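This document starts with one chain, in the form deposited in one PDB entry, laid out as structure tokens.
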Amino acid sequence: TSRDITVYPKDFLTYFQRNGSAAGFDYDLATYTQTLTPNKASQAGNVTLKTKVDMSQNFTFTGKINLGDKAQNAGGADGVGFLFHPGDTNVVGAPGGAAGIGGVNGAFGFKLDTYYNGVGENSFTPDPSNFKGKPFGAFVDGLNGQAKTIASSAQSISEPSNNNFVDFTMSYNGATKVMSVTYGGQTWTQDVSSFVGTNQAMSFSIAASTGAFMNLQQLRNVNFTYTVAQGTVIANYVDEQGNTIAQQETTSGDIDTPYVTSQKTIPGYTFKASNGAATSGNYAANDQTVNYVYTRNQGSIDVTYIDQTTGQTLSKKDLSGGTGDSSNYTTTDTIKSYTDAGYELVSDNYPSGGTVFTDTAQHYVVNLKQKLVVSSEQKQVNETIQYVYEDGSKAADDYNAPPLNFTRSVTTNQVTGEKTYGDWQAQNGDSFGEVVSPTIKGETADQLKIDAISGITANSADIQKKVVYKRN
């Protein structure tokens, strides 16, 4: 590959980051020596690799390790750990029994344990009982966070003595997935495929730890030949409330080589903003993540009610929801309310099957008019002539003249109450007849005829007359 590099002893600080206690000590370029811990108590120091490692390529790690001058019995602690995890380059494991492996997830590697921890806690499972107070080198399974020492790898090592540097070698076949560690004519082997999984890019941390007991722990003449793993960009396509609304796009590439991400076009949604990384940039050692946030496309429906009679808006129900939600709305009730008030439905554009919000607006109309009830008014003007004697006794039957009837339409607006009368129309005529007063033998009428009367209007008063007969 083009990312196949060999870390030289003089460029150590280029590819490795002194962290913790280690940051107090400069790299001595005469010896090529990096202190991890000094010979003081409760110290922690490490170097982290600035990149990650393609675990689908071969790597060869060479150097010398000073484990100190004291052994456990003389007050010597805690050892040096080599950490392999998939998380952040700048993460390191817990000190003590965790040996700088435990406390990280998906964590494996090699310890040189210069202190026996029989009492276990969360960071680490007790050290193998067969190595009570004895220096040993092992492989560690820190996948579940808790560093477990594999007793099948548990081998003794030489006690830290007069601050001496023993040769260390860690070799790795990309294709076998087998790790080979040599420390002063003790060798280790293990298939690490059960750990690398699929990640094929792990962070590397060499980490020393003192506690109550101490030791100078130091590194010298570090030769790392490995393939720089390539950076990942994750792009998530999520709604406003975090729920994912389109498949994610995990695109990988060589560090410091460009990356691009696509603003997906999502049915039912419109792009709002891109929280997180740039949508465009350069690949980097750690995972970068750009989140595309989308808004839920919202539909309009407005159902206007109109009083035709006035050409005035009665009521207007604005509805808004999500492109494809039902509205669950029916006119029927709002219609009723107007109909009961004396209105009359004309038309209803509102679909019978509720409705559904769409990316385009809907506008429906309910046409209502003030009802009008047509009645009839009738009025009658009569004429009566009473034929009587001087004592009031009837001389002759009362004449009721042919009645003069009159009709008018009455339109009552069932909303305003406003009664629009039509006109008075004469059914019978406008004029009452002449009535010649009957002749009675041996009597004389005070009026021998009642004259015909013209100009009868529907408001006219009923005519009442009285003819008195006198004897002779």
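Numbering starts at 1 and runs along the sequence shown. In this text, rigid core is short for the largest set of C-alphas that superpose within 1.5 Å between two forms.
Averaging CA B factors per stretch from the PDB record, which one is higher: 136-144 or 169-177?
Result: 169-177.
In the PDB record, does 380-388 or 254-262 carry the higher mean Cα temperature factor?
Looking at the recorded C-alpha B-factors, 254-262 comes out higher on average.
If you check the C-alpha B-factor for each of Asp348, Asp113, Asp239, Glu159 in the entry, which is highest?
Result of the comparison over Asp348, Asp113, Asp239, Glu159: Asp348.
Between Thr279, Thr289, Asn73, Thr304, which one tops the list for Cα B-factor in this entry?
Of the candidates given, the C-alpha B-factor peaks at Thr279.
Sorting the chain's CA B-factors, does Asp423 end up in the lowest, middle or highest third?
As the PDB entry reports it, the C-alpha B-factor of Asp423 lands in the highest third of its chain.
Classify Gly311 as lowest, middle or highest third according to the C-alpha B-factor given in the PDB entry, relative to its own chain.
Its C-alpha B-factor belongs to the middle third of this chain's values.
Within this chain's modelled residues, let me know which third the CA B factor of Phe131 belongs to: lowest, middle or highest.
CA B-factor rank for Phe131: lowest third.
Within this chain's modelled residues, let me know which third the CA B factor of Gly429 belongs to: lowest, middle or highest.
CA B-factor rank for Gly429: lowest third.
Within this chain's modelled residues, let me know which third the CA B factor of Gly442 belongs to: lowest, middle or highest.
Tercile = highest for this residue's CA B-factor.
This next part talks about the form deposited in another entry, which is not shown.
Among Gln57, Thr33, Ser437, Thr62, which is the residue that shifts its C-alpha 2 Å or more between this form and the one not shown, core superposed?
So the only displaced C-alpha belongs to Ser437.
On a core-based superposition, does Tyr399 travel 2 Å or more at its Cα between this form and the one not shown?
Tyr399 C-alpha, core-superposed: shift of 2 Å or more.
Please say whether, between this form and the one not shown, the C-alpha of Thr14 moves by 2 Å or more once the core is aligned.
For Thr14, whose C-alpha is compared between this form and the one not shown after core superposition, the shift is less than 2 Å.
Using a superposition on the rigid core, decide whether the Cα position of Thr384 changes by 2 angstroms or more between this form and the one not shown.
Result for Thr384: yes, a 2 Å-plus shift.
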